[PDB]
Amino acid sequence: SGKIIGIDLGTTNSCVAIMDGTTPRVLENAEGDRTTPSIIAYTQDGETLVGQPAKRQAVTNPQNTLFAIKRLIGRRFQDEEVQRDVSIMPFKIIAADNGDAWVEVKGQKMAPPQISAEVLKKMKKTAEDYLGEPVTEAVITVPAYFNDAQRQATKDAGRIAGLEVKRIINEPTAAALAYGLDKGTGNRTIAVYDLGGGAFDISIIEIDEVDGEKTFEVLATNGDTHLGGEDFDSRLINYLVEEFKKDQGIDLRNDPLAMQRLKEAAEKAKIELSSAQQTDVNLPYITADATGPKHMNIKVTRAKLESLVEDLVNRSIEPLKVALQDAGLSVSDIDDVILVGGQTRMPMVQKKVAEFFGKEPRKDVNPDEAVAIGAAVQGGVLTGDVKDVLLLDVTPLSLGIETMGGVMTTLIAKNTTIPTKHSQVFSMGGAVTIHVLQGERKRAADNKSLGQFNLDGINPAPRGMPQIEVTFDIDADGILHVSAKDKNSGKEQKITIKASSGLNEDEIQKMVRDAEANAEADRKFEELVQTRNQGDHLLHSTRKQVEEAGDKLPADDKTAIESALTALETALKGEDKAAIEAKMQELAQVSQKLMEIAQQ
């Protein structure tokens, strides 16, 4: 029911679009911006900020501002990437009871999907404000290289936000839909290079004209879900931290508040160096010492920045080589190179990509909105409003199991088109345990574990010939479903999953309720502010009343009203809602009493 909205849920920024009749349209949020910082904050006084308002106060609220949660979602606390972030992120990152990576604010433990849900709720509200009706369904994007846990956790975030997730769409695929919508873009093969704030994808995609309809087929995909702008900032921040040690004899890394100003300054500097060739990091009173206040002043050149991050850029080139090999194509087979994501605005990135492909990337693709637009198009395909568009995506990782000798044994090869299914008999009746993993490495230890899937035996029976067949389905969302039956009886077998990541149904249901309670509490937090407005309106009117009365007003009456006004003004400066309300009531009674005496 209603419109299926398209939400690009980004590490750094989020963006929502719809089908406006036959044309996709990106929607401005309440603040008037076409994108929304993927940031949530909890203030000391207990307010929940989302988006720009949360971004604005981040510098002074290190611990209770959550950002880049997309780098934690669907991960385990003991993951190398997470363990590194633990020491780096200013907010607190902890292990959930099941070992998943969670955060903690003011003593409260929260799962990443709960945090992303807040961002999704704002995007949902954005669409509803625009449309003038409720929105309950969405297509939500994920990086192409997201694994099973990361996909499912993103899907759970959508549910926690009150959205039925009709499709999880791979971000480069979404960008391709956006690009190929324009008639005259048929019968070509493109490379979509997407380098954002947190993730990197490369997809090779063919757009063809079959039976008078446009088909988008992903030939190969690769990337790195933990490579993006955040890592570029970090290289520059560490340089600035090391320089200030040498220069002013002080280590800033021990100090959260200084690091906030620096983080902010480094990102601005990085961004400036995409157009200028020099930038100044000026942080007066960055810190202090025995000798007094300290100030940071350091010029950074483009050349300096480049030497700091070139290996990150090279890291994005290697998956390109693998993607072309997997697709069986050379660079000359690629008709268009498409750059997506804010971090691709770096000249070095554009230059290295141009040089690899031996051609310049297109300039007519919006690096900030293409993904959301494609998510909207995908939604329109689902509702049937978008005709003559067919899409065939793949799974980015090999699905396998740990077999005898601790080896990784592949069941479904990477770049297999989805949905897809693989069935296999695992037992003639004895119990079965299956350790499922994703990845390309030879040893199970080197791949991403999805969990242990356990089946009980089937007891011996006259004329029974148990054949326990296990089926691995990958659906259109790129998500795995494992089921089993006895082929001999047709009876389904219960599978018990152990050591898997993710939320269970009970947690999800509780978190859905928590999000509704949060909404209520937010509506409850606003009362103080709403009462101030009313207070200001009242002040304005009763002042006019006093002016009108002029000298006709007796001193005792003039004094009583002027005291009531001042009292309300004072209360308004404060934070006590009850006091404001009482002073408003007293002022109203004096305004009414004056009125009544004037009529006499």
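We number the residues from 1 along the sequence you see.
Chemist: Averaging the C-alpha B factors as listed in the entry, name the stretch that ends up higher: 548-556 or 45-53.
Modeler: The recorded data point to 548-556.
Chemist: Tell me which stretch, 171-179 or 514-522, has the higher mean Cα B-factor listed in the entry.
Modeler: The entry gives the higher C-alpha B-factor average to 514-522.
Chemist: Among the candidates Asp97, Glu355, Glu118, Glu440, give the one with the maximum CA B-factor reported in the record.
Modeler: Going by the entry's C-alpha B-factors, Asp97 comes out highest.
Chemist: Of the options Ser332, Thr409, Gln530, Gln509, which has the highest CA B factor as deposited?
Modeler: That would be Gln530.
Chemist: In terms of the chain's CA B-factor thirds, is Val470 lowest, middle or highest?
Modeler: Its C-alpha B-factor belongs to the lowest third of this chain's values.
Chemist: In terms of the chain's CA B-factor thirds, is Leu594 lowest, middle or highest?
Modeler: CA B-factor rank for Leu594: highest third.
Chemist: Considering every modelled residue of the chain and its Cα B-factor in the PDB entry, is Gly384 in the lowest, middle or highest third?
Modeler: It falls in the top third of the chain.
Chemist: Sorting by Cα B-factor within the chain, modelled residues only, which third would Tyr239 end up in: lowest, middle or highest?
Modeler: Its C-alpha B-factor, which the entry lists for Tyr239, ranks in the middle third among residues of this chain.
Chemist: Compared with the other modelled residues in the chain, in which third is the CA B-factor of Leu572?
Modeler: It belongs to the highest third of the chain when residues are ordered by C-alpha B-factor.
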